[PDB]
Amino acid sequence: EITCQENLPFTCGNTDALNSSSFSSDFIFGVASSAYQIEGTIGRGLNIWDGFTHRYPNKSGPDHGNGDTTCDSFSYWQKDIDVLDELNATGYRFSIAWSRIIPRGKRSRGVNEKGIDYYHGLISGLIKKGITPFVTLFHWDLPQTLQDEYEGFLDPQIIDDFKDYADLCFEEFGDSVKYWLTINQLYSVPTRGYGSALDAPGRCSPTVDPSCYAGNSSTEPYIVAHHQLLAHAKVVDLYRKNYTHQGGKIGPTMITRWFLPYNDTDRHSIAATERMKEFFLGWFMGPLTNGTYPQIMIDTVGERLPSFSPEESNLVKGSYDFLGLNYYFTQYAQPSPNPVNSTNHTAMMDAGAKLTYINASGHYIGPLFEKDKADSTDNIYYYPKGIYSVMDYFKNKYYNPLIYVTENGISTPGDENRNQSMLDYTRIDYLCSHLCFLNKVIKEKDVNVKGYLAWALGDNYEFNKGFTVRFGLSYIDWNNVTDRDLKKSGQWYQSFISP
């Protein structure tokens, strides 16, 4: 019987109690990263994250930091491999910058052979060290030209352009890459990029944020989400019909969260909690497993929710070999009004729920996840059991899918000096507490999880936060980004992997 801790202090940092041997022999352990966050603009065209961070510096991060140079993985990709080698990692998730291989967006406009070579070198290097690549085709960095031509994912033209880009990736890298992720965190761009405008491209309703150049927070998130599903499905169909000889697998990336009732004895809170599962997870999982949006979304969103044609429904349904599940935290849900007529209405309001980290009786869900200096009441807290609940839910609700945890991690303040940043015991606690529960859910619920990739191989530009927070298991000095030095967490993970 496996017992896992939910509150501080944690004792899972002892590799004598918890290690890779606790999992199946073939279980993959590694770390993850994304192109915009680690490469730098050198050698690539411009994308919407360059555009967004430059047009709206205040939105790039409190420090106005962006991905211009960041940790310079373009030049130091070998150093990334060295970190993985040091960790004895068996997996590495990275993303291909569309702007690096097709700077002009549309494939017919030509490709960047040097950009293609960059990824060939990285992939060859990973394989030579026994590291299995998990490659994300689209980690939000859409070529700026496509956003300017037709507003990217807001238009159906994105489908063919994404398909042609994916085709190039399969053609060029598919002989070596056997695990593909289509779109990173399906929920994110529709809501943050077209709803709240916290993320690129930065579209929203005029009253939601006067700085948005255009948009409609009430309708656009649904249009974008719909196109993401269609684009994703078209790419999966292309992969399975034209690249089956490669013997690989492909799937979407979902940002997952668990939800608990703000008040577990209040039917309204309980209902809001179930609505959140449907609006947050079901919005994409319903189409992916059934070819239709959840009924509660159909009923609530009405005319603002696009419909799948019979052909599209068939294309989207079952469009995955596995699911890349990112997991960070869990929230309490309570009822909230949905003012559809208000000029400030956002798609996020349709769920009719308010999310918190403290419940009705004043209980904080778990240890501190992220401290918000602007407002103490806006602090995020984590919940280790959430990963168990999410995996159990996916197996029972979404037809026992093959799963790879594609992201799981925690940040530490950017204000900390080198020594403080290196002594990241809070990260060991976060990682081990989640790994305990992941092992527990695999054994108790038989969830088909075959890999775990911790977020951020190293410190990098964090979307919306600049360099004010660090997520890496390895430290990076912003005055000399060459070195990737394993922090206490990286050293612990090394021992966890090879006890």
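Sequential numbering from 1, following the sequence displayed.
Mean Cα B-factor comparison, 21 to 29 or 487 to 495, giving the higher one as deposited:
Of 21 to 29 and 487 to 495, the stretch with the higher C-alpha B-factor average is 21 to 29.
On mean Cα temperature factor in this entry, is 396 to 404 or 181 to 189 the higher one?
That would be 396 to 404.
Member of 147, 334, 359, 420 with the greatest C-alpha B factor (per the PDB record)
Reading the PDB entry, the winner on C-alpha B-factor is 420.
Looking at 302, 386, 409, 318, which has the highest CA B-factor as recorded?
Going by the entry's C-alpha B-factors, 302 comes out highest.
Third assignment of residue 43 from its chain's C-alpha B-factors:
As the PDB entry reports it, the C-alpha B-factor of residue 43 lands in the lowest third of its chain.
Sorting the chain's modelled residues by C-alpha B-factor, tell me whether residue 51 ends up in the lowest, middle or highest third.
Lowest third, going by the recorded CA B-factors of the chain.
In terms of the CA temperature factor given in the entry, to which third of its chain does residue 274 belong: lowest, middle or highest?
Answer is middle: the recorded C-alpha B-factor places it there.
Residue 463, C-alpha B-factor rank within chain (lowest, middle or highest third)
Middle third by C-alpha B-factor.
Once the chain's modelled residues are ordered by C-alpha B factor and cut into thirds, is residue 470 in the lowest, middle or highest one?
Its C-alpha B-factor belongs to the highest third of this chain's values.
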